[PDB]
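Atom set for the values below is all heavy atoms of this structure, side chains included, hydrogens, waters and symmetry mates excluded. Remember, it's 1-based here, ligands and their atoms both numbered in the order they're listed. Every chain is numbered from 1 and lettered A, B, ... according to where its sequence line falls, protein lines coming before strand lines.
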Amino acid sequence: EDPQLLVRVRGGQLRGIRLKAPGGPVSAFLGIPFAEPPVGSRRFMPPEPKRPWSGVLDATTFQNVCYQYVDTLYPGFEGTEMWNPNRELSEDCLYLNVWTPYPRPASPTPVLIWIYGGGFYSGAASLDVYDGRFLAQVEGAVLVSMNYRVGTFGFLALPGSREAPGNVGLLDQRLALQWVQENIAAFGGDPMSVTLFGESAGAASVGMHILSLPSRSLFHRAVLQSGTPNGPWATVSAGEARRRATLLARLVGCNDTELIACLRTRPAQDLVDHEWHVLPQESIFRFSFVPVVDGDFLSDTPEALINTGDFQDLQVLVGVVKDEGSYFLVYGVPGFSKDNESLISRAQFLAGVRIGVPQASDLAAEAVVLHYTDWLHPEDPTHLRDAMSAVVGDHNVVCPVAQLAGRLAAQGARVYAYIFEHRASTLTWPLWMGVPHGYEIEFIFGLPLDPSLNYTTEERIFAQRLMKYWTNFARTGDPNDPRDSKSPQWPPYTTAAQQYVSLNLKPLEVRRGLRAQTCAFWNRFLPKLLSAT
Amino acid sequence: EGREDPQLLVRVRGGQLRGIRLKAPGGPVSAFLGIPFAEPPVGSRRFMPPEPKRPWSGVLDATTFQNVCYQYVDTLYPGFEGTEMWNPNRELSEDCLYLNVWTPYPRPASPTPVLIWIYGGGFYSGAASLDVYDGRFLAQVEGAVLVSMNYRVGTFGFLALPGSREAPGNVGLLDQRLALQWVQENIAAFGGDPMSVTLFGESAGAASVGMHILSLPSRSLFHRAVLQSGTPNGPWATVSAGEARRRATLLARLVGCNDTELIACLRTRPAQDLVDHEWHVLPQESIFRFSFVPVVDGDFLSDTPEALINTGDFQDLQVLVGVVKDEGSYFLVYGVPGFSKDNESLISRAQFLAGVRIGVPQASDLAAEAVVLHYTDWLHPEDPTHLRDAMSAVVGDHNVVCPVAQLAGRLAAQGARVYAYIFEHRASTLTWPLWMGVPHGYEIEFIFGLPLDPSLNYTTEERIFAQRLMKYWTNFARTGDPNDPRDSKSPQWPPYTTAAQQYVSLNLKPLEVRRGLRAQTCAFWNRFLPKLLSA
Ligand SMILES: *[C@@H]1O[C@H](CO)[C@@H](O)[C@H](O)[C@H]1NC(C)=O
Ligand SMILES: *[C@@H]1O[C@H](CO)[C@@H](O)[C@H](O)[C@H]1NC(C)=O
Ligand SMILES: *[C@@H]1O[C@H](CO)[C@@H](O)[C@H](O)[C@H]1NC(C)=O
């Protein structure tokens, strides 16, 4: 028995496994339960703390993936499959993972907590691109990731009800955060230095923890990659949630109590079968069961909360990739496919816009088309295709991020912002998709450091830079290297100068204004136009 | 006659004329100035269509400019050349329907292409006798025959009670039309070719040229057209019948006045009383808006200019159109607070929003917001230099650049041959401040060739530049193409098309071809704004 691999937590004893990273061993404790399985009558309910166990719990392997829809658009294609569950599906899924240096840190070490994305309907902490061994080995970090309930299981809500209050998937995350506070010291983690980071719906989750008081004592700094709590997809009102839940119940053949009781009799796959059928419009970048503005977890809309919050003791790193919108086009916009160059017509552009901005009035959709049309080349299919991608990325990610960065900075937060512009040499999606949503993650987690993965040498060097910025940020709230002169420094994002940096193979370059003109259209004009209808 | 110069005696349909020999830098020219082309539109003829001048006896002296049509006189900056050069330079009178002819001396032996100038001035001012419209240089250097006419402006030319017999509207345009008919009948007496007539005008004169293109009875009176910084479409050049009726009747009230009775009472009023109140009838505080302009009467204009350029067939037409680099700037000192010729006019964000309401006076609150959001620099939203230049651009784009873009595109799509330009050289002799850039109206002195006059103090390069522009304009008049055939070396001026949207820059450097005339911004003005203000 390796003493490094044996740990006592409040619930009892755990046995981890020694893993191999390129530069040395790491200790991994995988599949640690942090909650009572949310099964049977506990479906849709807030999580409860895991009961203590006897003997030594085996934590040498990843646990089950929370029950979820599985992407089958391109069967066996690497680009889709790498996001799909890589362990058995189960509602019994509330487990977390810890990687630490081997031997375990002599002094309390900064902790990073990862929260996966996947539209709040999918994802798992066990995916290869979330492998924490590189950050632990190279940077001596303690890295944590948890599973949380997705889809109906995590976010179906009859607001006001006792038994389906909503946001229970965010409560799972929070319970894992509490677990880190109470237990991470046993692994050598420093509970007084905890940084949340996440991507897409994971980033929106992080933002929701920033905006919800009981979460605030559980972390100190946050990183939001390609996602925000504000914006068009990350939340629904109480009314729309109630509507969606009642429709789903109707669809599976199901007095909130009676309705929820009947939903609890249904096999998991029956719920998943109908989950996509409750969206009000044909759309992309829209998800059926997401966090709900409940007046509890979220005391108000994220927009209202970022406008009035006090964020003076907060540091945040936020950013986007160069082509946020591109991969969403192939899941519902006619004319777009991964298997050709997706050269679309003007008609397909206008139709694409109604799907990418499903909430738009005729006039709003016209404003969008006119803004994104290149009037020198109004019919050029290459411009129209790239414009369609920009519409989706700007509306769903870039402009919401620019808005959040500006509000946080105006309200006293220390903010750093980036645009990630390197396309992985190993990417299997076609060239026209550019640097797609999600494809910065492998570099931040340090996967290029594994020779067997076939990244280039420049990519290994680049990944090492990114691991440094992220862990520097975790340690200090500043991604700049504490020692090491030779610039250029990454300056804070401010409302005055709006500075951000490009992350690519070349040295940091500083830019000003994150799509400032176009985001002014989305953030300032669109709302008025929509209200005026 | 007996000892008079034999080259200066000419007969026209109405009688004999005696002209005068003028000195141009390169040699003499013939001028016949103050030729009546209509009965004086005075007394009971005020507000009425012009009647053709009745023959006179003896030799009419045509050696000096005639009266300027009664009009408001600009007094914002007293004694300042920048405003004075546009002011009347002959006596104001309702008896003002006269035209002017310059020709080579001695007169051309074979029929020469004719250029006809129609001045601007917002349809409320202007005169064919201003120094900047002097035809002697074009006549002398290019051998052109040049005509310019006075037409009624303000209430006298444009006050309308649509449907009445006594004040049908558009009579200033009918004054112009009558001058064009006069050219058809008489210009051959001067060596001019009635089968080659090119209209050109600036601002309201350009809008006028546009209206002759759109009005069938004018179409037989000219062959080609040049529109400088103005268009018949757009927000200022026409009013609906309803709005014209409303303005005429408010004006009648203001001066103490059944259409027949109202109009008869207006006819008893002193010309100057009409002028003193004309500005009081605009529906909002504004700039680049004028009280009495062409009206959509269903007669001269059978429909709005926008509809007529949308559905017209313009296959037999060649058109040259363009704009100066800073159309909007000088309009800002006549009514946007924060703006002045005498300082840098750095304004605040608040003054920008207020200026937008004045510059787009028809805008709803949301439309105004769209304009502000579009023109704001979101990296420097409060920067006074950017706000100042953005205010200028709002005014220039809304009133001139985008209406021109819309016109060029429609004309081309519908068969016309179109050439487009942007004029970018600021006269070295300009008295307006630098921040105004290359302001509205300041290409004119170059087209007419004033820099050839040594006493005007233009630079040598400006002299050469002026000669190039005279050439482009006269080549265009002669053949419908600004390019010189006997010179394939010089860069070519390609036609404007919907596909490529080419236009050229006019400056001291050789022609440079550019693409898209403020294409993104003009899509906002021409496609989106209309939909936004309906909603
Ligand atoms: C690319 O593939 C899609 C899906 O089959 C097809 O509809 C489209 O026509 C192809 N390319 C284009 C944009 O024509
Ligand atoms: C320029 O002059 C005008 C009128 O005198 C004035 O309103 C404006 O404030 C001045 N601008 C500045 C900044 O001096
Ligand atoms: C031209 O230059 C001369 C020499 O200084 C000057 O006396 C004259 O006033 C100038 N003319 C004009 C129109 O400015």
Side-chain angles (χ1 to χ4, degrees), chain A residues 73-75 77 79-80 284 326-353 355 379-389 429-433, chain B residues 25 75-86 89 130-132 134 285 287 329-355 358 382-392 427-436 442 445-446 448-460 462-463 466:
Chain A
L73 173 60
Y74 302 110
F77 174 58
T80 47
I284 55 171
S326 68
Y327 95 57
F328 297 89
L329 305 182
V330 314
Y331 286 93
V333 186
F336 293 86
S337 160
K338 87 174 178 58
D339 288 325
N340 59 42
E341 285 182 319
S342 301
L343 294 187
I344 58 161
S345 65
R346 188 146 184 86
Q348 295 182 306
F349 177 52
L350 318 195
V353 170
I355 299 183
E379 312 264 347
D380 182 65
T382 289
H383 280 91
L384 294 168
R385 172 249 273 152
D386 295 345
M388 192 57 253
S389 170
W429 298 96
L431 277 165
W432 70 260
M433 295 195 168
Chain B
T75 54
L76 187 63
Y77 301 118
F80 168 66
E81 178 81 42
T83 53
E84 296 298 349
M85 68 170 269
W86 309 100
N89 67 334
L130 308 180
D131 289 351
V132 279
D134 188 348
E285 191 183 349
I287 57 170
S329 60
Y330 92 69
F331 293 91
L332 307 183
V333 307
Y334 290 90
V336 180
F339 293 85
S340 178
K341 78 177 198 65
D342 295 321
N343 58 43
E344 296 303 302
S345 293
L346 307 181
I347 57 154
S348 66
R349 182 139 192 95
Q351 291 167 315
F352 176 64
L353 316 188
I358 298 169
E382 318 270 351
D383 184 74
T385 300
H386 172 81
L387 292 168
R388 172 248 269 159
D389 299 339
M391 189 66 253
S392 173
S428 65
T429 58
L430 214 59
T431 55
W432 296 100
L434 291 162
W435 71 261
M436 298 195 172
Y442 289 88
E445 58 205 63
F446 293 85
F448 276 81
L450 272 66
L452 275 50
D453 183 338
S455 67
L456 298 182
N457 297 340
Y458 290 89
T459 66
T460 290
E462 286 180 316
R463 221 226 326 113

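Under a cut-off of 6.0 angstrom, the local environment of CD in B:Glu285 is sparse, with at most 12 non-hydrogen atoms contributed by other residues, nucleotides or ligands. Other residues, nucleotides and ligands contribute over 12 non-hydrogen atoms within 6.0 Å of the CG atom of B:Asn89.
Using cut-offs of 30° and 60° for the angle between ring planes, the A:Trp432 and A:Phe336 rings count as tilted.
At least one protein heavy atom sits closer than 4.0 Å to atom 14 (O) of ligand 2. In this structure, atom 11 (N) of ligand 3 has protein heavy atoms in its sub-4.0 angstrom surroundings.
Summary of contacts: the protein heavy atom closest to atom 9 (O) of ligand 2 is B:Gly338 CA, 4.6 Å. Of all protein heavy atoms, the one lying nearest to atom 2 (O) of ligand 3 is B:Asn457 ND2, 2.4 Å. Scanning the protein for heavy atoms near atom 4 (C) of ligand 2, the closest one is B:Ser340 CB, 4.1 Å. The shortest contact between atom 6 (C) of ligand 2 and any protein heavy atom is with B:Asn343 ND2, 4.2 Å.
Taking the centre of each ring, B:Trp86 and B:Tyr442 come in below the 6.0 Å mark.
Put simply, the residue from B:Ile347, B:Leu353, B:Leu346 that forms a side chain to side chain contact (heavy atoms under 4.5 Å, CB included) with B:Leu387 is B:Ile347.
Looking only at side-chain heavy atoms (C-beta outward), B:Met85 and B:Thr431 stay at 4.5 Å or farther from each other.
Using a 4.0 Å cut-off between heavy atoms, A:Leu343 contacts ligand 1 through its backbone alone, with no side-chain atom that close.
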